[PDB]
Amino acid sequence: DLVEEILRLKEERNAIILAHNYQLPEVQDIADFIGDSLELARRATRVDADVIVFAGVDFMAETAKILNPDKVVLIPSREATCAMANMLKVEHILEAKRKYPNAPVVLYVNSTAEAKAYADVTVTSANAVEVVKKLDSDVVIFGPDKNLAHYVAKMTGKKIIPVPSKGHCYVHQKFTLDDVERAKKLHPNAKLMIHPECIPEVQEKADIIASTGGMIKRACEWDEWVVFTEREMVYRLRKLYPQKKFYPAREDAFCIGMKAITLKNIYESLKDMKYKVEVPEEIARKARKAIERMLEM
């Protein structure tokens, strides 16, 4: 029984398991805390445990390590990676800074630690609009996600310089206007919760535009929802609100990187103390400055 083995190893290692909302149901069921990128970042600043097992993708485990440099942070598989975050390279940031030296560099937390070393502040889908609104500039450098950048431009009225030019999430790019039409036909009493990583014409059909954390916060506003994000979010919402109804917009909206994490390799992570997540001190310090500024804003 992997679940009983994991529970005993958690105790033996003085470990906490942090899980993203897109983790497999059986992984969510053994996590101590579950949340979106911003909540996982905040939760990483009050870790009393000695070991963090991060059931999520590599940039998320790195963010936890940046905020807990003297704790052991484990990722259960090094193949748990984010295709969108990998699209942004330091070269892109440097070129944009050359053109707009007075523009703050605003990096989605969906980014490498190397990239965050060049950020003035980080953001998530939950706080991107608030942060960019308060920055002392009418133009900001922003990436990697161009669909979130479109949403931020619309809501703040500021000029958004995307880095790179085509950054996007293949999972959320799957959603189309035909999925909106089918959801409206199959569930005519449901409202639509849509992630800002979806394309702009789908965003415009939303009843609410929100990160997964915002979806959880605003689900109380209606009793039936079609969920335009990675399909494991439906399980999360059904567990939190058993009295509501939730439907996937597309069952095939799956993140391969997220599903590199399994119950078995969480067990192996605790058993073998692997895979240890490390961030170079110079990169971590600079990234930490931008992430702390995000939490302060």
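Residues carry their position along the shown sequence, with the first being 1. Each form is matched to the other, and the largest set of C-alpha atoms that superpose within 1.5 Å is called the rigid core.
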| property | result |
| --- | --- |
| Greater root mean square CA deviation, 142-150 compared with 98-106 in 7 other deposited structures of this protein, core aligned | 98-106 |
| 57-65 against 244-252 - segment lying farther from this form in 7 other deposited structures of this protein (CA RMS, rigid core fit) | 244-252 |
| Higher-B stretch (mean Cα B-factor, as the entry records it), 228-236 or 57-65 | 57-65 |
| Residue stretch of maximal mean CA temperature factor, 72-80 vs 108-116 | 108-116 |
| From 188, 200, 167, 101, residue of greatest CA B-factor | 188 |
| Residue, from 192, 220, 128, 161, that the PDB entry assigns the highest Cα B-factor | 161 |
| Residue 30 by Cα B-factor - lowest, middle or highest third of the modelled chain | middle |
| Entry-reported Cα temperature factor of residue 205, expressed as the chain third it lands in | highest |
| For residue 256, the third of its chain into which the C-alpha B factor falls | lowest |
| Residue 41 - Cα temperature factor, lowest/middle/highest third of chain | highest |
| Ranked against its chain, the third holding the CA B-factor of residue 144 | middle |
